[PDB]
2 protein chains.
Amino acid sequence: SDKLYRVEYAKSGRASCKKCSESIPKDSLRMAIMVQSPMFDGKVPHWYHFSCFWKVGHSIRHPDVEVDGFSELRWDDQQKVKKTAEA
Amino acid sequence: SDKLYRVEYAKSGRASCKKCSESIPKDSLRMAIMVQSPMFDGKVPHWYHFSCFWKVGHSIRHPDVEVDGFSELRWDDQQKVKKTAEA
DNA sequence: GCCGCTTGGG
DNA sequence: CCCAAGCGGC
Ligand SMILES: [Zn+2]
Ligand SMILES: [Zn+2]
């Protein structure tokens, strides 16, 4: 995927939020900025809590196309993403 | 539990049959005799392919009460175990 | 318990 | 890609 963002239910509880540095609980809704690695050739996620992600300021117009993983979210959460992005 | 035997769909494909020595395929029906390790507070399974389990002299009168995991098997496999035990 | 395979974080 | 945790086998 060449998308800039990723959203998903946390696969583990081990990722640390880049903003607040607190861990992100398994299964919770988390979002990443996908960035190029300096260790190897490929993208790595910078994970944030859902709310922390928005606090650091993004202009995502069409979440469905711009955020990888969007379509695999529960409808409930897809709507929370769209809603949040628009505001 | 405290039961001597366990039956389940194999959690991996890595276990080797203690009768025939061949690997037990992931998700296949497998059976174990359970033994207490003197090295740690935990039970160790000797796994077997379903068919091989009966060829080594392991024997079962009441699967329902003797074999841990029996009631969680698919109906088909419950009747297979019960039938094979009676035989 | 120990260890290797697999998964996940980076 | 490297490293470490989680899981599975024993
Ligand atoms: Zn955060
Ligand atoms: Zn066998």
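One-based numbering, in listed order, for ligands and for the atoms of each. Note: hydrogens, waters and symmetry copies are ignored here, and every other heavy atom, side chains too, is used. Chain A is the first sequence line, chain B the second, and so forth, proteins listed ahead of strands; every chain is numbered from 1.
Atom NZ of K18(B) and atom CE of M31(B) lie 15.5 Å apart (nearest 0.5 Å).
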Check your understanding: Should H46(B) and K19(B) be marked as a side chain to side chain contact (heavy atoms under 4.5 Å, CB included) after you check the CA-CA gap, both sets of side-chain angles, and the distance that decides it?
Key -> CA-CA 10 Å; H46(B) 297 308; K19(B) 158 142 209 322; over 6 Å; no
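The environment of NZ in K55(B) is sparse: at most 12 heavy-atom neighbours from other residues, nucleotides or ligands sit within 6.0 Å.
Qualifying salt bridge (charged side-chain N to carboxylate O under 4.0 Å, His left out) partners for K82(B), counting only residues two or more places apart in sequence or in other chains: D64(B).
Salt bridge annotation for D77(A)-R74(A): absent, with no cationic side-chain nitrogen under 4.0 angstrom from a carboxylate oxygen.
Listed by chain and residue number, the protein N/O/S atoms under 2.8 Å of the Zn ion (ligand 1) are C17(A) SG, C20(A) SG, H49(A) ND1, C52(A) SG, with waters left out.
Contact annotation: the side chain of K80(B) never approaches that of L73(B) to less than 4.5 Å [non-hydrogen atoms, C-beta and beyond].
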